[PDB]
Amino acid sequence: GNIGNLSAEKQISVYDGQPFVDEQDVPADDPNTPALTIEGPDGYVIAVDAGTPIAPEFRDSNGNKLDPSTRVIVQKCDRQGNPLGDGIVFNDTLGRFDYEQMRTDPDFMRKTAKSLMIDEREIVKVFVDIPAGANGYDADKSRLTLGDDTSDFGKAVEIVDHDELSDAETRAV
Amino acid sequence: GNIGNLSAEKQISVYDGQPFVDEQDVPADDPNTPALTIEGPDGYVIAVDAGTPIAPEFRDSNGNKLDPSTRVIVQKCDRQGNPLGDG
Amino acid sequence: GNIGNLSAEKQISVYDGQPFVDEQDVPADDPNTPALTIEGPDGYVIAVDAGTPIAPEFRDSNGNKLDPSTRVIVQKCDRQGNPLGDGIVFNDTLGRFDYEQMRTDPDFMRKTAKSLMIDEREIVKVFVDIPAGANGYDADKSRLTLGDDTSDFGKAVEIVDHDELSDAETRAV
Amino acid sequence: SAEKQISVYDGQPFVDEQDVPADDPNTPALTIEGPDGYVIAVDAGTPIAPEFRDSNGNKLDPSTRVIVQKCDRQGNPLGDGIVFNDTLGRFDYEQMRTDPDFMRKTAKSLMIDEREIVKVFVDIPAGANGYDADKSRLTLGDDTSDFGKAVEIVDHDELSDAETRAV
Amino acid sequence: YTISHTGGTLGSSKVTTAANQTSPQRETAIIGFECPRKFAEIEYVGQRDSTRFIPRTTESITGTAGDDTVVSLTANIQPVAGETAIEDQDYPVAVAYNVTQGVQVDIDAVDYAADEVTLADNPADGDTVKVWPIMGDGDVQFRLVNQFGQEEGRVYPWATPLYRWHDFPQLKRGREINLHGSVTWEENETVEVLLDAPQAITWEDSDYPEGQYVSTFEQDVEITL
Amino acid sequence: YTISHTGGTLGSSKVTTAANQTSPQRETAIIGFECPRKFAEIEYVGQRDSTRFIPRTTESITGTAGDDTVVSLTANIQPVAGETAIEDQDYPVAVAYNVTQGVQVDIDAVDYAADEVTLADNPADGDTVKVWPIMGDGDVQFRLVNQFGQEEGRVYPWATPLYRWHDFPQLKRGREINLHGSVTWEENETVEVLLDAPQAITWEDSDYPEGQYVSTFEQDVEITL
Amino acid sequence: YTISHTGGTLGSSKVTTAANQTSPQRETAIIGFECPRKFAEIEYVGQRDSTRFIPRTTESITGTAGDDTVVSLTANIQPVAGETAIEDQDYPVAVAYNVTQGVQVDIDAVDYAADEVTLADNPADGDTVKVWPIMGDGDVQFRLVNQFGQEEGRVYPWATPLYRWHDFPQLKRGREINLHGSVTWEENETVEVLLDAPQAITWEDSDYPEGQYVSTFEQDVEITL
Amino acid sequence: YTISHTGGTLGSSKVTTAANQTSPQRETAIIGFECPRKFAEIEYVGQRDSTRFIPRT
C-alpha cells in the first residue's frame, strides 16, 4: 500500500482561495490599489515559467463582466510591497478574454510573456486600470485561476521546498 | 463475394425497350419511314453474324395480325440516316 | 488586357444544379434507388482524389432532417448504370455529420477512402438506406456539396479535357 | 488491397441484439460472432457510439457501467482482453460520434477470427427501465475522418493469418 | 465434394425473400436468395445451369348480365410455348375464380392478340371474380449483395425479356434457359433477382385453387458441402 | 512593386457602376469595376485573394388582419453558416421596414423550407411594408471588357453558385472564399461581375435601417503602385 | 500484464462506501474505494487517468402565493462550461421536484451572482418542493488507509477547488480533470476521497426523477489482471 | 475527309434555335446552331466560306 514518492516540484495552479493570497474590493478609477496580493509562503519557492495562462474571472457586484476598456496588469514587487518596473509579465484588457471558455480551449488562452520566480517573502500584485463609468469590483463574486494543473494543455506552476544547489542558483536574481 | 471475370464478347439479345433503340408507329403504306431505329451505344461495339433469328411481332392497335402480304426490310444506314442499298 | 492561361486541371466542386447530374425524390426503404445520378459530361474526364470531403445536406419535405441512423452510400457504376460492386468510396451515416458546420471545419469534414476516375460516360450513383418511419427524401429542398474549391482546407476535383498519353494511361483500369 | 477499412453497427448478420432486464449484468447485451471466412482486426484508439436508450426513447442512467469484452469460441469471457470499460454518462449522445474532442476510444487493440466472439456487458442500477436495442443502436468505428480509425477486414491470406492463429 | 441441387421458392431454407415490384418503372427486387450458415458457398453458372420461372399476376372484375367475356388485361398475352388451347398446355395461361360462389371456373376461349377471353358461364350481376394470368412484358436480371446490405455486383449487366420464360417449355433440354454470367455466394450474403415491368406480380393468394403458390422461381446450382 | 488593396462597392474611385439584372432569366452585368487613371494596372489572383459578397434583394407587401407571417418569398432561403436564429447569426438573413410608421421591424422566427418568416408587430390594414432578404439562387462569374466595350473572355469558365457565400462564415480565415482564375486590367479597361438569377437584386434603397448600402461586393486585389 | 478499468460509485464490487459529511467545517470521508480479493493490485496515475465528479446536494422549500423564485441557496453557483442557459449545458446545474404532485419541474431561468433561480410552475401554499443543485465551494483530496484502519497519508496535499470540476467540459478530451501523484492499492486496503465544505452533499434520493444516483464519482485506473 | 454544306435557318437538323432580341440596348442571341450526333464536327473559316444574312423587322 504505497503511494510513490515525489519530486519537490509540485505542479499546481494559483487562485484566491489559497491561504497565502489576499483579495480586496476596488473603487472606480484607481489603478494603483492592489486587487490581489500574493505573499511568499515563508519557506517555499514558486516558479512561473514562461507561457503560463491566466483566467481572471472579474465581475461586478451584479454578476456582469467589467468594461473591456479596463486593463489588467500583473507585477512583481520587493519584500515590502513595492514594484520593480521590470519583471512584468502581463498587461492587457478583458476584451481579449472569453470568460465562457478562456480557461478551456488553447486557441483562446492568454499566457504570460516572461518567466518569474518567488522567494520565501517575495510578492506579486495585480493592478487594474479602469475608467470612471465602471461598477467597481466585487471580489467575492469574482476570482482568478492562474495556470492549469489538470489539462494536457497549458502549463503549471512549480513549487518547491529549499534544496541546496537549487536554491543556491535560484537566489541569483 | 466473387463473380468471375468476363470475356469481352458478351452474348446477348436485343428488344424494343432498350436505350439504344427507338420505335415509331407508321401510317398505312409508307415504306421509307423507319418503324424501328437502332443506333450505337456510344462506347461499345456490336457484332451480329448471319443466321441470327427474328421474332418480329408486328401488330395493329387492336393487336390483330396485319395483312400477311406486308413486306419487311432491315438495313444498315450511314451515320446520317440514309440507307445504303448495300448491306 | 490579359487573363492568365490555365492548366487543364480545373479544380472545382460538384452539386446537384450542374448539367451533368440529376436528382430524384425517393421513398423510405429502397437502398437501390439512385437518389442522385452523375454521368460523364461527354468528352471531359473527372478525377476525385482519395481524401475528398462531402456535405450531403439531406432533409425531408417538411424541411426537417432525416433519421441519423440512415446510411448514405456512394458507388461507381458502368456506362449502363449497373454498379461494379467494388470501387466503393463511402459507407456511413448522417448522424456522423453536423449540417450546421459539416463543410466548414476539418475536424468534422467526413471524407472518402479511395480515389475515383470518370471517363466520358462513366457514372456515379448515390443511395440511401432508411427504415420506414422517416419522411422520405425531398431533393428539391435538399442538396449536396462535394469537395471544396474555395478554401485553404479540403480538396477539389480535377476536370480535364483530352491530353493524349494522359488519357492513354488513364483508360488502363 | 485485401484490407478493407469499415465500421460496424447492429444491423448486420454477424451481430446479435438481445433486449435486457433491469440489472442483470451477466447477460450478453450484444454479441459479435465471426463471419466464417473473413478476419477482423481492431487497433487501439478506436471510437465507440453506444447509443443506448429505453423503450420510451429516453437516455439511460449515466451511472450505468459498460464493457466490451472478448470471449473464447465457447462464449465464455477470458477475464483479460478487455478493450473498454466506462460509463454512458461520459458520452454526449447529441455529438458522441461527431467531434473527435468528444470521441471516446478503446484502450487496447483487438483481433477476431472465424469463431471468436465479442460480448457487450451492461451493468445497470435497479430503478431504470431495461434496454431496447430496437430504438437504441450502436455504431463502432469510422472510416471517414482523417481522425479516428477504421477496422480492417480481410479474407484468408496465408502468412498473416498463419501469424494470427498463434493466439 | 459438391452436388448439383436446386434452390427455389421454398427449397432448402424458409428465409428467402419474396416481395412485389413497383408500378413506376424502377427496377426492383422480385426475390432474394439469402445464403445460410448451413452451407459454405454456392455457385451459379450461366450457359450451364438450368432455371425455371412461372410468373403470374392478379386482376379482378365485377359481374353484370351478359358479361361472359373479359376485356384486354393490360398484358400482352402469349400462347404457352407452342399451344393456344389451355387444356393441352404445360400450364394455363390464366385461371379464374369467382369469390362469391368461391370456386374455380373453366375457361372457354381466347384472343391472345386482343388479350381478351371468354368463360364457361355467366357470373351473377354484382359478383366479383378474380383472374391470375401470366406476365407479359418486363426485363429481368441478377444482382449480388454482401452481408453488409450494400451492392457487390450485377451479373452480366444486360437483362433479358421476360416473355421467353413463357414462350419456351422450360422442362425440355435445349428449350430450357441458360443465361450468361457466373456468381459465387458466401455465408450471410444474398443474391437478388430483379425486374422492371409495368404490372404487379403476386404470390400467396388465398383463393388460388391449384396450390398455395401462384408463381414459382427455381434454379439449379452447385453446392459446396 | 505592388501592394494589396480592395475593390469595393465604392472602391478606389467614384466611377464604379452598379446596375441590376433582368427578370427574364438571362445573365446580366451586375457590377463594372473600371480601372482608373490613378493606377497603373490591377491584378486579381484566385486562390490567394479573398472575396466577400452580401447580396440582398427586395420584396413588398400590404397589411391586413392576421399578417404576422410573410410568405414563401420566391427565394430558396438558406441558414447563415448553418445557423438559424437571427440574433446569433453573422448577419441578418432578412430585415423589414414598415413604411407608414416609417420604422424597423424585429423578427420572431423563420421557416426555411417553406421560405416564410414570422414577425412581432402585426402591421395595419392598408399599411405598406418592405422586406430586404438575402438572395438565394444565382450563378456568378467574372467577365473582361476592353475600352471599346467588347467581351474578351470569361474567367475560369465554371460558374459559382450564390449560396456558398451564405453557407460559409465568410470572416473566418481559411473559410473565406477564394475563387479561381486570374485577370489583369489596363487603364481604361473594365471587368464585370456578371450574374444570372431569377429575382431582382438591389442597392441603395433610401429606407434601409442599418446602412446606406444594402448589399456589398468586396474583393481583395494586388495593385501596382 | 495490466489493463484499464474504471472505479466508480458502484464499480467492481458492492463494498465501496459512500457517506456524507458534517456541517461543522472539518473534513470527512465521502467515498471509500476498498480493494477486493478479485484483483491483485490497483494503480492510480495522476496526469494520465481521467477522473469525473458530479457533486449534487439537497435543498428543501415550502410554497405559497407568488413563490416562483427561489432565494439565495447558500450555494455559489457557476455557469457550467461558461454557459448560463440550462439546456445548452453538458448537464443541469439544478433540478426541481414537487413532492405533493410528485413530479419533476422545469426551470425557467437563473441568476448566478445572487445565487437564485426562477421556476416555471408556481407552487401551491402548503406544498413542498425539493431541489437538487450542484455543489459549489469545498476542498477535496484522496487518502490512504491500510487493512487495519489507520491513516497512511494523503496524495499531493493541494486540495483542488471543487468548482473546477464544474468549470471544464469534463466529457471533452484534453480538458478532463486529472490530478497529481500516484498510488498503488493492496488487497484489504482502502483509498478514500475526503471533502470539506459547508453544504451537505446527497446521494440516493428515491424521489429524484432523472436517475437512481444524483451525484457520481468515476475514475479511470489501471489493474493487474 | 471533308466536304462542304450550308448551315441555315432550318439546316441539317431541327435542333437549331430561332429567337428574337430585346429592345433595351443589350445584345442577345438571335440564332443557335447546335451540332447533331450525325456529324463529327463542323468548321467555319472566315475569308473562305461565305455568309448571308437578310434581316427584317
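Protein sequence lines, in the order shown, are assigned to chains e, i, k, g, I, K, L and J. Residue numbers for the first sequence follow the entry's author numbering, so the first one is 2 and each next one is one higher. Residue numbers for the second sequence follow the entry's author numbering, so the first one is 2 and each next one is one higher. Residue numbers for the third sequence follow the entry's author numbering, so the first one is 2 and each next one is one higher. Residue numbers for the fourth sequence follow the entry's author numbering, so the first one is 8 and each next one is one higher. Residue numbers for the fifth sequence follow the entry's author numbering, so the first one is 8 and each next one is one higher. Residue numbers for the sixth sequence follow the entry's author numbering, so the first one is 8 and each next one is one higher. Residue numbers for the seventh sequence follow the entry's author numbering, so the first one is 8 and each next one is one higher. Residue numbers for the eighth sequence follow the entry's author numbering, so the first one is 8 and each next one is one higher. Each residue gets a CB set at the ideal place from its N, CA and C atoms; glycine is no exception.
- Of the other Cβ atoms in all chains shown, 16 or more fall within 10 Å of the Cβ of residue 76(k); this residue is therefore buried.
- Within the DSSP bridge table, the entry for residue 203(K) names 146(K) as partners.
- For residue 134(g), the chain L residues whose Cβ falls inside 9 Å of its Cβ are 213, 218, 219, in order along the chain.
- Close CB contacts of residue 227(K) within its chain, under the 6 Å cut and outside five residues either way in sequence, are with 13, 56, 57 (chain order).
- Within 10 angstroms of the beta-carbon of residue 63(J) lie fewer than 16 other beta-carbons, which makes it exposed.
- When DSSP reads this structure, residue 67(L) sits in a beta bridge with 137(L).
- When 9 Å is used as the limit between beta carbons, residue 17(i) is near no residue of chain k, the shortest such separation being about 17 Å.
- The residues 57, 58, 59, 175, 177, in chain order, have a CB closer than 8 Å to that of residue 183(K) in the same chain once the five nearest residues on each side in sequence are set aside.
- For the pair residue 27(k) and residue 52(I), the Cα-to-Cα distance works out to about 34 Å.
- The CB of residue 122(k) comes closer than 7 Å to the CB of 43, 44 in chain i, given here in chain order.
- Of 120(k), 122(k), 133(k), 86(k), the smallest CA-CA separation from residue 151(I) is found for 86(k).
- Counting every other CB atom within 10 Å of its CB across the protein chains shown gives residue 208(I) a total of 16 or more, marking it as buried.
- Note that the C-beta distance between residue 71(g) and residue 94(g) is below 8 Å.
- Closer than 8 Å to the CB of residue 130(K) there is not a single CB belonging to chain k.
- For a cut-off of 8 Å, the C-beta gap from residue 193(I) to residue 48(I) is around 6 Å, short enough to register as a contact.
- Taking 8 Å as the cut-off, the Cβ atoms of residue 15(I) and residue 130(k) do not count as close.
- When DSSP states are grouped into helix, strand and coil, residue 55(I) belongs to the coil group.
- In the three-state reduction of the DSSP assignment, residue 165(k) falls in the helix class, which pools H, G and I.
- Ranked by Cα distance from residue 10(J), the options 54(J), 46(J), 61(J) are led by 46(J).
- Residue contact with chain g for residue 59(k): absent (no Cβ-Cβ distance below 8 Å to any residue of chain g).
- Taking residue 32(L) as the centre and dropping the five residues before and after it, the same chain places the C-beta of 203 closer than 6 Å to its C-beta, in chain order.
- Note on geometry: alpha-carbon atoms of residue 171(e) and residue 92(e) lie some 26 Å from one another.
- By the rule that beta-carbons nearer than 8 Å mark a contact, residue 11(L) touches chain g.
- Per the C-alpha coordinates, the member of 11(g), 122(g), 100(g) positioned closest to residue 22(g) is 122(g).
- Taking 7 Å as the cut-off between beta carbons, the residues of the stretch 68–83 of chain k near chain g are 70, in sequence order.
- Using a Cβ-Cβ cut-off of 8 Å, residue 64(L) does not count as an interface residue toward chain g, since no Cβ of chain g sits closer than that to its own.
- Burial state of residue 37(I) is buried, judged by a 10 Å Cβ sphere holding 16 or more other Cβ atoms.
- In the DSSP secondary-structure assignment, residue 158(e) is bridged to 13(e).
- Annotation: Cβ neighbours of residue 193(I) in chain g (cutoff 7 Å, chain order): 44.
- Residue 12(k) places its beta carbon less than 8 Å from that of residue 159(k).
- Residue 9(e) and residue 118(e) do not touch by the CB rule: their CB atoms are close to 15 Å apart, not below 8 Å.
- Secondary-structure assignment with DSSP links residue 78(g) through a beta bridge to 84(g), 124(g).
- The residues 112, 130, 134, 136, in chain order, have a CB closer than 7 Å to that of residue 105(I) in the same chain once the five nearest residues on each side in sequence are set aside.
- Between the alpha carbons of residue 223(L) and residue 142(L) lies a gap of roughly 12 Å.
- Of all residues in the stretch 28–46 of chain J, the ones placed with a Cβ closer than 7 Å to any Cβ belonging to chain i are 45, in chain order.
- Residue 20(J) and residue 81(i) have their C-alpha atoms some 10 Å from each other.
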